[PDB]
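Engineer: fold the following and give me the result.
(one chain, ligands or ions: 2)
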Amino acid sequence: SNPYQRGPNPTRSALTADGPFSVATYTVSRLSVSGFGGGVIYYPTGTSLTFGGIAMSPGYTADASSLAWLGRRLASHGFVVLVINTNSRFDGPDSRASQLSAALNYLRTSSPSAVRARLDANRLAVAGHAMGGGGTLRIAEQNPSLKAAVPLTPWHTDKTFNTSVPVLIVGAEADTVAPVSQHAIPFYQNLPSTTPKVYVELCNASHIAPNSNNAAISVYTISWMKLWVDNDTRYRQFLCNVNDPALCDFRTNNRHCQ
Ligand SMILES: O=C(O)c1ccc(C(=O)OCCCCOC(=O)c2ccc(C(=O)O)cc2)cc1
Ligand SMILES: [Ca+2]
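Structural biologist: Residues are numbered from 1 along each chain as shown. Ligands and ions are numbered 1, 2, ... in the order given. Next up is the structure itself:
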């Protein structure tokens, strides 16, 4: 019934490991593109199907390798994922939004034949770590066609974003770089009350929790992307009536459960 539905019915344990699809990679060289610093595309292979696309930005000082595990994880559950490198490692959050915009335009219009064949360019979303998560919030305000935004331990001087793009924010309890009380939580609270939004806080987690295999980040990022990029309501079960002992905070307006 849902033409975008991919993969077997999910279970929580299946969302903590790589998923049903084999993954190929394509390296986007810095010299080959303008507007961002290249990156790595993770995309499903061994299939004739098409999938939604995700542009993902790393944080301050970081490069695409800091989110390689998550690019591969998401792609293996049925997505085309472009993890960008930035023009400069010291670009700020709004600059990272601009480079996510360029990466999405690249995916739509100039990506390789092998990627385009697996991509439904009508269904795009964004995610990002730290300053990259700040960029995710900015681009969500500018591009209302985006299906979802997932800021991970986000950082931004702007605390106020107006978007109707559904947002799930992951905060890290022990984050000293982007403290949840000054970044993640104000981001969540100042989003419109009419926008479907979720905030989860990982117990004991550090600012660098997004940079390596993390079960909770896997579960919530996959499920939010599935729900909104694919209209796949089978993933509501992991986002609704949540009782997760990995979390030390959870806030929502519960607009995503029906
Ligand atoms: O993402 C992370 O993992 C992360 C985030 C923050 C820090 C941090 O210690 O922040 C204070 C020092 C840097 C401030 O950087 C800017 O304010 C800025 C503003 C605009 C631009 C621009 O491109 O115009 C560039 C840079 C460390 C790591
Ligand atoms: Ca603002």
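Engineer: pull the number of nearby residues for the closest residue to ligand 2 within the chain.
Structural biologist: In the chain, no residue comes nearer to ligand 2 than residue 160, which is 3.6 Å away by Cβ to the ion. Every C-beta, even on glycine, is put in place using the N, C-alpha and C of the backbone. Residue 160: 12 surrounding residues under other Cβ atoms under 10 Å.
Engineer: in contact with the nearest residue to it once chain neighbours are set aside, which residues?
Structural biologist: Excluding the flanking residues, the one nearest residue 160 by Cβ to Cβ, 6 or more residues apart in numbering is residue 190, at 4.7 Å. Applying Cβ atoms under 8 Å, 6 or more residues apart in numbering, we find residue 190 in contact with 159, 160, 161.
Engineer: count the neighbours of residue 252 for me.
Structural biologist: For residue 252, using other Cβ under 10 Å, the count is 17.
Engineer: next, it: phi, psi?
Structural biologist: phi -160, psi 160 (degrees, to the nearest 10).
Engineer: cool, and residue 227?
Structural biologist: According to degrees, to the nearest 10, residue 227 has phi -60, psi -40.
Engineer: nearest spatial neighbour of it, chain-adjacent residues omitted?
Structural biologist: residue 235 (4.7 Å).
Engineer: what about residue 124, which SS state?
Structural biologist: With DSSP: H, G, I helix; E, B strand; the rest coil as the basis, residue 124 sits in strand.
Engineer: I figured it hits residue 52, correct?
Structural biologist: Yes: with contact defined as Cβ atoms under 8 Å, residue 124 reaches residue 52; the gap is 6.6 Å.
Engineer: name the element the most centrally placed residue in the chain belongs to?
Structural biologist: Against the mean C-alpha coordinate of the chain, by Cα atoms, centre = their mean, the closest residue is residue 127 at 2.7 Å. Element membership for residue 127 (DSSP states H and E) is strand 119-129.
Engineer: please see if that strand touches ligand 1.
Structural biologist: No: using Cβ under 6 Å from any ligand atom, strand 119-129 never reaches ligand 1; the gap is at least 6.6 Å.
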